[PDB]
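For ligands, and for the atoms within them, numbers begin at 1 and follow the listed sequence. Along the sequence shown, residues are numbered consecutively beginning with 1.
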Amino acid sequence: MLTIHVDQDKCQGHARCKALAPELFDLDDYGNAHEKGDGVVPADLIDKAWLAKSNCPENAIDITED
Ligand code: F3S
């Protein structure tokens, strides 16, 4: 059981998360990312989740595990 969170404070709109996991993130008009509706990570996107997290230069992405 995974969900994804973007910390707006840390986020500087690099947009790596979006490029890697389009299904998981949306950017606002100003370039910042935020989790898509559900937030829950589908089984086929679990690797892209950790990948986006690993890839954020600002360490702005959080993944919770239950
Ligand atoms: S800085 Fe922001 S746009 Fe994505 S890659 Fe990191 S959360």
### CG on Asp47 to CG on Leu20, rounded to 0.5 Å
12.5 Å
### Message
Under 2.8 Å from atom 2 (Fe) of ligand 1, can any N, O or S atom of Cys11 be found?
### Response
yes
### Task
Have a look at ligand 1 and work out which part of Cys17, if any, has a heavy atom under 4.0 Å from it: side chain, backbone, both or neither.
both
### Query
Which ligand 1 atoms, with their elements, are less than 4.0 angstrom from a heavy-atom of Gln12?
1 (S)
### Query
Would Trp50 and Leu45 show up in the same hydrophobic cluster when neighbours are defined by side-chain heavy atoms closer than 4.5 Å?
yes
### Query
Quick one: which ligand 1 atoms are inside 4.0 Å of a heavy atom on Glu58?
1 (S)
### Same cluster (ILVMFWY, side-chain, under 4.5 Å), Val6 and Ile63
yes
### Summary
Taking only non-hydrogen atoms of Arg16 and a 4.0 Å limit, the atoms of ligand 1 in range are 5 (S)
### Query
Is atom 6 (Fe) of ligand 1 less than 2.8 Å from at least one N/O/S atom of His14?
no
### Task
For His5 and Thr64, run side-chain contact (heavy atoms from CB on, under 4.5 Å): C-alpha distance rounded to whole Å, both residues' side-chain angles, the deciding distance at 0.1 Å, then the answer.
CA-CA 8 Å; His5 174 57; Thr64 58; over 6 Å; no
#### Entry: Over 12 foreign heavy atoms within 6.0 Å of NZ, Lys36
yes
### Message
Quick one, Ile61 and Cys17 - any side-chain contact, counting heavy atoms below 4.5 Å?
### Response
yes
### Query
How far is atom 3 (S) of ligand 1 from its nearest protein heavy atom, and which residue and atom name does that atom have?
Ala15 N, 3.2 Å
### Query
In the protein, what heavy atom is nearest to atom 6 (Fe) of ligand 1, and what distance, to one decimal place, separates them?
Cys56 SG, 2.3 Å
